[PDB]
Amino acid sequence: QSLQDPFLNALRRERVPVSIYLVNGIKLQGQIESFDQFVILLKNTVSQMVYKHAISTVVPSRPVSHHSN
Amino acid sequence: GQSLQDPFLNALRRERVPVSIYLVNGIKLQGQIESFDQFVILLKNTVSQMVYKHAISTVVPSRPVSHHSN
Amino acid sequence: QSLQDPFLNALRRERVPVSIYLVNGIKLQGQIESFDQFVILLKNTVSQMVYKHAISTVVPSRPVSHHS
Amino acid sequence: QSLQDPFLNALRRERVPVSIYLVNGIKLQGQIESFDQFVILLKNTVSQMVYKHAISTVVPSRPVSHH
Amino acid sequence: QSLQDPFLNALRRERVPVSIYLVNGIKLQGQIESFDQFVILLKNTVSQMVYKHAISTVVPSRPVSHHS
Amino acid sequence: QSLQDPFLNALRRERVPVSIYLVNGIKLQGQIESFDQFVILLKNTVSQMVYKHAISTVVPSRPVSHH
């Protein structure tokens, strides 16, 4: 019904490398493993739990089609 | 007042105007409002980037946008 | 009841130059056209939309009667 | 909530000079005129509306008997 | 059932010196007078009100039993 | 279903060293001692309380199962 879900779900389903930018000026990288009401797991060497409230932007490494409905 | 978010974001969208979104950390994002909902804005430029409104300070159009109001 | 609405309305009605300080450090300038539960529209050249969650303090440029 | 209203009320009544520090490191000064669920009106030369969500700490300039 | 209340109660009655670190990096000091759902009153020379939303970490100066 | 409960529980169960990056860019280390809807207890040399609203990301120092 909303946007968050399909956007993250395409990125993950596609295992596309993404960048996640934090409010503190840090730039995380890796693939979107899973997500939540509150968190995303970004997979790199380890799984890391990023809190949505500390996220500024989510930026794919390339155009991902069909981020649909 | 009334609800001002939608009529403003919608104006910027149908008119495919270039905007600058400013983050709470004082970083500047550019592009066009592709879509938006209760929590996020999709800013199309070279890709689509999901921006969380909670991380957004101010939205600025690059030129005046008519009505921008219901 | 609330203070935020009588206070802003007086600035809007009397169309006074205000300085909106944001949590980053940036000092916004201009006039308040309208507002909302979540945003203020500050005008100068363009109509720009501020989220209240990023505002620290609203300072009038000159004294305003913001009574009740 | 009920630890806050009595603290600010006491400050306001004594018209005590206070020091408001914001989540960004800036330090505001003046007197508490009014307050709300969301805002404090700190009076200086002008009345300035401060959002609580942007404040970290409110510091009395001298002791104040609260609740 | 939470940890945040037994944790602050323990520090309170024990009057152990704590260090409150703020979201921005500032370090407050003193003893925990009382507390709320939204605020903590940190006493030293004066009673200062700290907003929890601006608090990053609460670090007691000595080990404390904090159970229930 | 919560994802932050299994992840935190696994990390704690295994007593694994983690790094907690705060909304200010400072890194905290230790082991997860317990946790709340609002806080985590990071055990290092002292039992310290970290608020979740000040946490960017939680980083296990080595791969963990989190089945």
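All chains are identified by letter, namely A, B, C, D, E and F, in their written order; residue positions are counted from 1 within each chain.
Here is the rule we use: a contact is a pair of C-beta atoms (placed from the backbone, for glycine too) under 8 Å apart; a residue touches a chain by one contact, two chains touch by 3 or more.
J.: Once you find the CA centre of subunit E and the CA centre of subunit F, what distance in Å lies between them?
T.: Here subunit E and subunit F have centroids separated by 20 Å.
J.: Using the touch definition from the top, which residues of subunit D touch two or more other chains?
T.: 23-24, 53
J.: Take each protein chain as a node, join two nodes whenever their chains touch, and name the resulting shape: line, ring, star, complete or other.
T.: Topology of the interface graph: a ring, with each chain touching two neighbours.
J.: Please trace the ring of touching chains beginning with subunit D, moving first to subunit E, and write out the chain order.
T.: Starting from subunit D with subunit E next, the chains run D, E, F, A, B, C.
J.: Show me the residue ranges of subunit A that touch subunit F in the complex, using the header's touch definition.
T.: 22-26, 28, 34-39, 41-42, 45-51, 53-54
J.: Please name which positions on subunit E make contact with subunit F in the complex.
T.: 2-4, 7, 23-25, 52-53, 55-60, 62-64, 66
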